[PDB]
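Novice: Provided herewith is a single structure, encoded as structure tokens, for subsequent inquiry.
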Amino acid sequence: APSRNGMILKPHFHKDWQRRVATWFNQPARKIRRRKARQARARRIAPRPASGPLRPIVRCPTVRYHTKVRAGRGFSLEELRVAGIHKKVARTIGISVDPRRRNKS
Amino acid sequence: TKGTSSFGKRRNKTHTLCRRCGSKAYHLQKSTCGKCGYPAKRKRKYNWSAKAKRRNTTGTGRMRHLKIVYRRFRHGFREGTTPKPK
Amino acid sequence: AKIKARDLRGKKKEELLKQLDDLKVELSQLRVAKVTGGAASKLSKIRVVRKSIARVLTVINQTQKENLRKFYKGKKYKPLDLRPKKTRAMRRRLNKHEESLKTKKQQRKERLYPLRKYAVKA
Amino acid sequence: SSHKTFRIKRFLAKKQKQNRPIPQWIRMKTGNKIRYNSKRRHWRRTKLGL
Amino acid sequence: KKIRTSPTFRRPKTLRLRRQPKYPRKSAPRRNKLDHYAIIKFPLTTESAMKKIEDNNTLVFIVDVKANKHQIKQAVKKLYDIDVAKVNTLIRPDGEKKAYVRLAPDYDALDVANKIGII
Amino acid sequence: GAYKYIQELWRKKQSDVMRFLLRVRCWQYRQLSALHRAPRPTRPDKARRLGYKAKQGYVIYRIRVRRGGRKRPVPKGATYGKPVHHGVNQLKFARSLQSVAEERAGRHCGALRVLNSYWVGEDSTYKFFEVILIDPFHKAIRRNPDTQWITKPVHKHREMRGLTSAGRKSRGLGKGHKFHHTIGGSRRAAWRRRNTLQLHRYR
RNA sequence: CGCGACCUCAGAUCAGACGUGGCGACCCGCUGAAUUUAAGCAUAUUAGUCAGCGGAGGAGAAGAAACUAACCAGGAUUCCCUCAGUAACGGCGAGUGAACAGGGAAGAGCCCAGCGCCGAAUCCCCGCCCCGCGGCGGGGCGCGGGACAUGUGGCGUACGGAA
Ligand SMILES: [Mg+2]
Ligand SMILES: [Mg+2]
Ligand SMILES: [Mg+2]
Ligand SMILES: [Mg+2]
Ligand SMILES: [Mg+2]
Ligand SMILES: [Mg+2]
Ligand SMILES: [Mg+2]
Ligand SMILES: [Mg+2]
Ligand SMILES: [Mg+2]
Ligand SMILES: [Mg+2]
Ligand SMILES: [Mg+2]
Ligand SMILES: [Mg+2]
Ligand SMILES: [Mg+2]
Ligand SMILES: [Mg+2]
Ligand SMILES: [Mg+2]
Ligand SMILES: [Zn+2]
């Protein structure tokens with residue numbers, strides 16, 4: 001029974017949520033595991049960059065952002081054709097290649 | 001006469017000892033168990049009786065094959081090798 | 001008095017059967033002495049005789065199974081007791097060559113475009 | 001019932017061999033915490049509803 | 001020049017081969033774990049059993065439960081080289097089998113009891 | 001090649017030749033048992049497009065599934081409770097009958113592995129499907145690197161877990177704005193991520 | 001009054017293999033209520049929930065767009081935060097309720113059928129020689145068998161491909 005000027009609240013606790021509580025006590029150990037896997041990968045690829053292949057210049061869609069520049073999924077095939085690098089050689093070199101990206105500009 | 005005179009004329013049995021679970025559940029008329037379901041090929045278990053599950057999980061009996069499976073796992077599943085003799 | 005294993009590794013099979021029969025005679029006599037009472041010096045030897053029977057039968061089973069696997073070693077279909085038993089799925093795995101079988105297209109990919117070794121910022 | 005089967009007679013034979021008291025040399029052991037058997041079955045109390 | 005004599009069509013008896021296996025399923029045959037020594041455990045030193053031996057020309061033995069009367073007969077004849085008139089078996093309420101081995105009257109029971117050790 | 005001619009020939013099902021062929025094959029397949037091994041594909045172009053390579057080890061079955069919806073397995077009336085669920089006649093089973101045919105084929109042969117299946121005919125009372133089955137243990141499949149993913153134990157009973165093309169369509173999975181379920185692993189995983197509470201360490 | 005081929009279907013204690021069942025905490029495909037709430041209750045809610053059935057794996061599933069967007073356009077899937085208790089659904093009542101974009105963890109790409117070109121150039125089993133043979137593999141010797149033109153193998157798959 002709501003009384004004397006509170007918010008008209010709608011709590012979503014009508015299901016069996018206590019069986020499905022996801023406690024997050026794993027997460028500092030998970031940060032340790034991700035750190036160990038990242039260091040093992042960096043020791044695996046010994047002269048190569050630890051982050052990975054080169055990511056392209058990519059501008060955000062959805063006119064909210066519209067000015068930020070991101071890292072992309074990969075360089076497009078027209079970009080590889082103008083740069084003079086074959087699409088099956090660029091992956092061996094360490095250049096990100098995806099065949100899905102258009103190039104309208 | 002539904003009490004003591006009805007307990008008096010109890011002679012013949014309905015359930016006997018089964019031969020897969022060994023409990024007194026093998027019904028002589030239906031030829032079924034109802035504790036494991038012997039004429040069925042699958043073991044009778046249900047999730048509404050977790051107590052009856054943990055009466056016979058895999059950690060109950062002798063585990064006479066599964067414990068040496070665990071030991072051969074921690075050893076490495078090697079076969080036919082002998083240690084170096086004296 | 002002790003029947004060990006090193007002295008049984010090199011004996012003939014009929015002599016092993018004769019020693020086994022002598023141990024069975026001594027085992028039956030010690031059971032008769034156990035039932036008639038006898039003494040504790042006769043009650044204590046039945047364990048030694050049973051373990052000696054176990055050792056003789058163990059050495060016989062060793063020699064016959066190494067002879068059978070020396071016989072079937074080389075054939076393509078060997079018996080199920082001689083086949084290796086690790087686990088069910090591990091016996092139902094691949095052939096250690098079938099996992100390494102690659103197609104001609106994948107070999108052509110790995111041959112024409114191998115993963116190169118590189119470094120940056122120089 | 002004098003018309004037993006082999007399984008029932010084998011089960012009852014094992015019950016007879018289990019209905020047996022603890023020998024006196026048990027109690028002189030080192031880590032003993034056993035006083036009596038606590039499974040002494042009598043033929044009137046537990047009736048073996050087989 | 002072939003007519004259906006019967007109106008029914010029964011399946012024709014086709015040729016089938018026998019088991020000529022390429023490899024045996026087991027490497028060795030199973031050894032006899034029901035030997036003459038392992039089938040006879042011990043005789044009884046009961047006073048009733050000794051009266052049975054002294055009076056009725058028998059020998060009382062305690063036998064494994066998986067045995068036949070023919071197996072007990074050939075077992076006694078193999079172990080102690082004595083002929084058997086008959087073998088008479090019961091099962092005690094302890095799991096073991098009890099064998100009254102009636103001997104042939106040409107051989108004595110008290111003498112062979114002295115040979116096997118009981119008195 | 002001839003496979004494109006056979007492809008549009010099996011497309012034009014309403015013409016008189018293909019109606020005669022579907023009538024004769026529907027009669028011939030109805031007069032057989034419910035599940036039987038076919039020695040060669042009746043529709044080889046569709047079998048090849050779904051993955052049948054005519055070599056040793058690829059088996060096909062032909063199977064009859066009854067036609068219609070699903071009646072609720074209850075007694076006489078007797079759906080006890082609120083009047084939402086009392087209808088037992090006009091309710092539909094959420095998984096397709098072609099996947100039911102794959103399911104019954106894999107249940108009859110759990111030793112074989114279901115690849116895919118297709119349609120060979122229908123009656124008013126039955127449908128007729130052809131299910132491609134693969135040996136896990138035959139050497140022509142086991143030594144072929146293109147199709148040795150099937151021999152791996154991860155793909156056991158695709159007909160049961162809904163991993164074939166007939167059972168995958170009943171799962172409602174796909175990319176885009178029209179599904180929005182199975183946007184994790186499946187409907188169960190989407191429900192789980194949307195109805196587990198993430199109570200952190202520091203909140 | 002028969003023989004020989006093909007096609008469909010049998011019988012084998014035929015030679016060689018596979019599956020049955022258990023556990024089931026996590027996962028997948030189904031099936032699936034009622035307590036409860038709505039101060040009653042009937043849609044709704046509890047709830048794709050409990051129970052029930054099958055199936056595996058060390059993870060499973062999903063997954064490289066018949067996508068999102070309407071922008072100077074992004075670009076497999078999965079998972080965390082935010083979007084957001086929002087758009088929306090609801091006797092519009094109780095209550096239910098995502099997604100895009102953005103910041104991260106990780107990041108990996110591909111193969112077929114068809115279209116066609118190569119003398120089936122392809123694959124399975126048995127006999128013999130050589131290697132270790134305890135997850136039966138490689139080379140050769142066989143007008144030795146079989147599968148296969150009702151299509152095996154190589155090139156080749158939407159990023160185009162072939163001569
Ligand atoms: Mg990163
Ligand atoms: Mg009483
Ligand atoms: Mg309702
Ligand atoms: Mg998949
Ligand atoms: Mg659909
Ligand atoms: Mg199973
Ligand atoms: Mg209420
Ligand atoms: Mg109330
Ligand atoms: Mg459940
Ligand atoms: Mg997977
Ligand atoms: Mg797709
Ligand atoms: Mg997305
Ligand atoms: Mg809902
Ligand atoms: Mg082709
Ligand atoms: Mg190819
Ligand atoms: Zn039972």
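If you're wondering about the labels, chains in the structure tokens are A, B, ... by order shown, residues count from 1 in each chain, ligands from 1 in order shown.
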Quick one: everything within 7 Å of residue 25 of chain E, counting only C-alpha atoms (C1' of nucleotides), minus sequence neighbours fewer than 2 positions away in the same chain. Send it as a list in words.
Specialist: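 Residues near the query, excluding close chain neighbours: residues 79 and 80 of chain C; 23 and 27 of chain E.
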Novice: Please find the residues contacting ligand 7 at a distance of at most 10 Å between atoms, with only C-alpha atoms (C1' of nucleotides) and all ligand atoms counted, and report them as a list in words.
Specialist: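 Using only C-alpha atoms (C1' of nucleotides) and all ligand atoms, I find these residues within 10 Å of ligand 7: residues 36, 37, 38, 39, 40 and 41 of chain G.
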Novice: Taking only C-alpha atoms (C1' of nucleotides) and all ligand atoms into account, which residues are within 10 Å of ligand 6, as a list in words?
Specialist: residues 42 of chain B; 110 of chain F; 19, 20, 21, 22, 54, 55 and 56 of chain G
Novice: With N, CA and C atoms (P, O5', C5', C4', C3', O3' and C1' of nucleotides) retained, export the selected residues as a PDB file, in the first residue's frame.
Specialist:
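Result went into part01.pdb, see below:
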ATOM      1  N   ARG B  42      15.531 -48.329 -19.165  1.00  0.00           N
ATOM      2  CA  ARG B  42      16.091 -47.142 -18.544  1.00  0.00           C
ATOM      3  C   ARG B  42      15.785 -47.124 -17.053  1.00  0.00           C
TER       4      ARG B  42
ATOM      5  N   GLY F 110      20.233 -44.323 -34.115  1.00  0.00           N
ATOM      6  CA  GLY F 110      21.176 -43.513 -33.369  1.00  0.00           C
ATOM      7  C   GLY F 110      22.629 -43.786 -33.695  1.00  0.00           C
TER       8      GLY F 110
ATOM      9  P     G G  19      29.589 -46.464 -30.522  1.00  0.00           P
ATOM     10  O5'   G G  19      28.007 -46.458 -30.360  1.00  0.00           O
ATOM     11  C5'   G G  19      27.232 -45.343 -30.775  1.00  0.00           C
ATOM     12  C4'   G G  19      25.758 -45.648 -30.705  1.00  0.00           C
ATOM     13  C3'   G G  19      25.263 -46.214 -29.385  1.00  0.00           C
ATOM     14  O3'   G G  19      25.005 -45.201 -28.429  1.00  0.00           O
ATOM     15  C1'   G G  19      24.392 -47.488 -31.180  1.00  0.00           C
ATOM     16  P     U G  20      25.165 -45.507 -26.862  1.00  0.00           P
ATOM     17  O5'   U G  20      23.847 -46.321 -26.489  1.00  0.00           O
ATOM     18  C5'   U G  20      22.561 -45.742 -26.675  1.00  0.00           C
ATOM     19  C4'   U G  20      21.458 -46.771 -26.620  1.00  0.00           C
ATOM     20  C3'   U G  20      21.139 -47.302 -25.224  1.00  0.00           C
ATOM     21  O3'   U G  20      19.730 -47.446 -25.072  1.00  0.00           O
ATOM     22  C1'   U G  20      21.650 -49.108 -26.666  1.00  0.00           C
ATOM     23  P     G G  21      18.911 -46.362 -24.217  1.00  0.00           P
ATOM     24  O5'   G G  21      19.582 -46.426 -22.774  1.00  0.00           O
ATOM     25  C5'   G G  21      19.160 -47.394 -21.827  1.00  0.00           C
ATOM     26  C4'   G G  21      20.237 -47.709 -20.817  1.00  0.00           C
ATOM     27  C3'   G G  21      20.610 -46.602 -19.846  1.00  0.00           C
ATOM     28  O3'   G G  21      19.684 -46.400 -18.795  1.00  0.00           O
ATOM     29  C1'   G G  21      22.573 -47.556 -20.693  1.00  0.00           C
ATOM     30  P     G G  22      19.442 -44.913 -18.236  1.00  0.00           P
ATOM     31  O5'   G G  22      20.755 -44.589 -17.391  1.00  0.00           O
ATOM     32  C5'   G G  22      21.056 -45.300 -16.200  1.00  0.00           C
ATOM     33  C4'   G G  22      22.413 -44.924 -15.658  1.00  0.00           C
ATOM     34  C3'   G G  22      22.571 -43.487 -15.191  1.00  0.00           C
ATOM     35  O3'   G G  22      22.070 -43.275 -13.884  1.00  0.00           O
ATOM     36  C1'   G G  22      24.403 -44.074 -16.556  1.00  0.00           C
ATOM     37  P     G G  54      14.095 -39.991 -21.156  1.00  0.00           P
ATOM     38  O5'   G G  54      14.831 -39.607 -22.515  1.00  0.00           O
ATOM     39  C5'   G G  54      14.497 -40.254 -23.734  1.00  0.00           C
ATOM     40  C4'   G G  54      14.981 -39.464 -24.921  1.00  0.00           C
ATOM     41  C3'   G G  54      16.463 -39.133 -24.932  1.00  0.00           C
ATOM     42  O3'   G G  54      17.260 -40.206 -25.397  1.00  0.00           O
ATOM     43  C1'   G G  54      15.224 -37.196 -25.465  1.00  0.00           C
ATOM     44  P     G G  55      18.752 -40.403 -24.842  1.00  0.00           P
ATOM     45  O5'   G G  55      19.581 -39.227 -25.526  1.00  0.00           O
ATOM     46  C5'   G G  55      19.784 -39.199 -26.931  1.00  0.00           C
ATOM     47  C4'   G G  55      20.377 -37.888 -27.381  1.00  0.00           C
ATOM     48  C3'   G G  55      21.738 -37.536 -26.805  1.00  0.00           C
ATOM     49  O3'   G G  55      22.803 -38.208 -27.450  1.00  0.00           O
ATOM     50  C1'   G G  55      20.326 -35.648 -26.691  1.00  0.00           C
ATOM     51  P     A G  56      23.514 -39.455 -26.730  1.00  0.00           P
ATOM     52  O5'   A G  56      25.067 -39.128 -26.847  1.00  0.00           O
ATOM     53  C5'   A G  56      25.709 -38.291 -25.899  1.00  0.00           C
ATOM     54  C4'   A G  56      26.140 -36.986 -26.519  1.00  0.00           C
ATOM     55  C3'   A G  56      27.402 -36.361 -25.947  1.00  0.00           C
ATOM     56  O3'   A G  56      28.580 -36.918 -26.500  1.00  0.00           O
ATOM     57  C1'   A G  56      25.714 -34.717 -26.124  1.00  0.00           C
TER      58        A G  56
END
Novice: Write as a list in words the residues around ligand 4, taking 10 Å as the cut-off and counting only C-alpha atoms (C1' of nucleotides) and all ligand atoms.
Specialist: residues 155, 158, 163, 164 and 168 of chain F; 61, 62 and 63 of chain G
Novice: I'd like the contact shell of residue 36 of chain D - 10 Å cut-off, only C-alpha atoms (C1' of nucleotides), skipping same-chain residues fewer than 5 positions apart - returned as a list in words.
Specialist: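 Listing them by chain and then by number gives residues 21, 22, 23 and 27 of chain D.
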Novice: Using only C-alpha atoms (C1' of nucleotides), determine which residues lie at most 10 Å from residue 80 of chain A, disregarding the query and same-chain residues fewer than 5 positions distant; provide the list as a PyMOL selection string.
Specialist: chain A and resi 75+85-87+90+95+97
Novice: Keeping only N, CA and C atoms, take the residues you just selected and write them out as a compact mmCIF listing (two decimals), in the first residue's frame.
Specialist:
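Final file, selection.txt:
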# COMPACT_ATOMS: atom_id res chain seq x y z
N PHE A 75 40.15 -3.56 -43.14
CA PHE A 75 40.27 -2.77 -44.35
C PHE A 75 39.47 -3.41 -45.47
N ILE A 85 47.89 -4.10 -52.19
CA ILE A 85 48.13 -5.27 -51.37
C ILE A 85 47.02 -6.28 -51.64
N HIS A 86 47.41 -7.51 -51.96
CA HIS A 86 46.44 -8.56 -52.23
C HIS A 86 45.75 -8.98 -50.94
N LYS A 87 44.49 -9.41 -51.07
CA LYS A 87 43.65 -9.66 -49.89
C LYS A 87 44.04 -10.94 -49.16
N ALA A 90 47.56 -9.71 -47.33
CA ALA A 90 47.41 -8.76 -46.23
C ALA A 90 47.13 -9.46 -44.90
N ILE A 95 47.35 -7.40 -41.66
CA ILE A 95 46.40 -6.35 -41.99
C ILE A 95 45.00 -6.94 -41.93
N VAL A 97 41.34 -7.64 -42.84
CA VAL A 97 40.62 -7.66 -44.11
C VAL A 97 39.20 -8.15 -43.84
Novice: Looking at E:4, E:13, E:78, E:18, which one is nearest to residue 37 of chain E, with distances taken over only C-alpha atoms?
Specialist: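 Nearest candidate to residue 37 of chain E out of E:4, E:13, E:78, E:18: E:78.
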Novice: Which residues come within 7 Å of segment 91-94 of chain E, counting only C-alpha atoms (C1' of nucleotides), excluding same-chain residues fewer than 4 positions away, as an mmCIF file with N, CA and C atoms, in the first residue's frame?
Specialist:
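Below you can see around_21.cif, which holds the result:
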data_model
loop_
_atom_site.group_PDB
_atom_site.id
_atom_site.type_symbol
_atom_site.label_atom_id
_atom_site.label_comp_id
_atom_site.auth_asym_id
_atom_site.auth_seq_id
_atom_site.Cartn_x
_atom_site.Cartn_y
_atom_site.Cartn_z
ATOM 1 N N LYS D 9 17.010 -68.209 0.352
ATOM 2 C CA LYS D 9 17.809 -68.949 1.324
ATOM 3 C C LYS D 9 19.219 -68.379 1.451
ATOM 4 N N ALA D 13 20.679 -66.825 4.839
ATOM 5 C CA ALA D 13 21.956 -67.315 5.349
ATOM 6 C C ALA D 13 22.909 -66.165 5.651
ATOM 7 N N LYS D 14 22.930 -65.144 4.787
ATOM 8 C CA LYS D 14 23.752 -63.974 5.087
ATOM 9 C C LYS D 14 23.211 -63.198 6.287
ATOM 10 N N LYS D 17 24.468 -65.085 9.307
ATOM 11 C CA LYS D 17 25.880 -64.834 9.570
ATOM 12 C C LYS D 17 26.152 -63.396 10.002
ATOM 13 N N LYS E 98 26.895 -79.241 1.765
ATOM 14 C CA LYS E 98 27.392 -80.361 2.546
ATOM 15 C C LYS E 98 27.215 -81.639 1.743
#
Novice: Counting only C-alpha atoms (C1' of nucleotides), which residues from chain E have an atom at most 7 Å from any atom of chain G, and could you show them as a tab-separated table (two decimals) with N, CA and C atoms, in the first residue's frame?
Specialist:
chain	number	residue	atom	x	y	z
E	1	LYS	N	8.56	-75.06	-66.64
E	1	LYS	CA	8.36	-76.43	-66.17
E	1	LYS	C	8.50	-76.41	-64.64
E	14	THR	N	17.45	-70.40	-47.94
E	14	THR	CA	18.69	-69.91	-48.54
E	14	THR	C	19.90	-70.44	-47.78
E	16	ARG	N	23.26	-70.32	-45.72
E	16	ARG	CA	23.90	-69.47	-44.73
E	16	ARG	C	25.18	-70.13	-44.26
E	17	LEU	N	26.21	-69.32	-44.04
E	17	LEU	CA	27.52	-69.82	-43.68
E	17	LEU	C	27.65	-69.96	-42.17
E	18	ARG	N	28.83	-70.38	-41.73
E	18	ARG	CA	29.14	-70.57	-40.32
E	18	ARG	C	30.16	-69.54	-39.86
E	19	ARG	N	30.38	-69.50	-38.55
E	19	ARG	CA	31.39	-68.63	-37.96
E	19	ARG	C	32.78	-69.13	-38.32
Novice: Can you check which residues of chain G have any atom within 8 Å of chain F? Use only C-alpha atoms (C1' of nucleotides) and format it as a ChimeraX atom specification.
Specialist: /G:17-19,28-30,33-34,42,54-57,61-62,65,67-68,78,98-99,111-114,123-124,147-148,150-152
Novice: Would you kindly return, as a PyMOL selection string, each protein, DNA or RNA residue with an atom no farther than 10 Å from any atom of residue 26 of chain B, considering only C-alpha atoms (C1' of nucleotides) and excluding same-chain residues fewer than 4 positions away?
Specialist: chain B and resi 14-22+30-38
Novice: Taking the backbone alone, and naming residues the way the document does, which bits of chain B are strand (DSSP E or B) by DSSP, as a list in words?
Specialist: residues 15, 16, 17, 24, 25, 26 and 27 of chain B
Novice: Can I get the residues of chain C within 9 Å of ligand 15, each with the closest pair of atoms and their distance in Å to one decimal, using only C-alpha atoms and all ligand atoms, sorted chain first then ascending number, as a tab-separated table?
Specialist:
residue	atom	partner	partner_atom_place_in_ligand_line	distance
C:103	CA	ligand 15	1 (Mg)	8.3
C:104	CA	ligand 15	1 (Mg)	8.3
C:105	CA	ligand 15	1 (Mg)	7.3
Novice: Next, dump the selected residues to file, keeping only N, CA and C atoms, as a compact mmCIF listing (two decimals), in the first residue's frame.
Specialist:
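Ended up saving to out.txt:
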# COMPACT_ATOMS: atom_id res chain seq x y z
N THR C 103 42.84 -31.15 -47.04
CA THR C 103 42.46 -31.18 -48.44
C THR C 103 43.51 -30.47 -49.29
N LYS C 104 43.41 -30.68 -50.61
CA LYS C 104 44.34 -30.07 -51.55
C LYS C 104 44.19 -28.55 -51.58
N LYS C 105 42.95 -28.06 -51.43
CA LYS C 105 42.71 -26.62 -51.39
C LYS C 105 43.31 -25.99 -50.14
Novice: Counting only C-alpha atoms, figure out which residue out of A:3, A:27, A:103, A:92 gets nearest to chain C.
Specialist: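 Checking each candidate against chain C, we get A:92 as the closest.
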Novice: Can you tell me which residues come within 10 Å of ligand 1 when counting only C-alpha atoms (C1' of nucleotides) and all ligand atoms, ideally as a count of residues only?
Specialist: 8
Novice: How would you write, as number ranges by chain, the set of residues no farther than 9 Å from ligand 5 when counting only C-alpha atoms (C1' of nucleotides) and all ligand atoms?
Specialist: F: 96, 169-170, 172
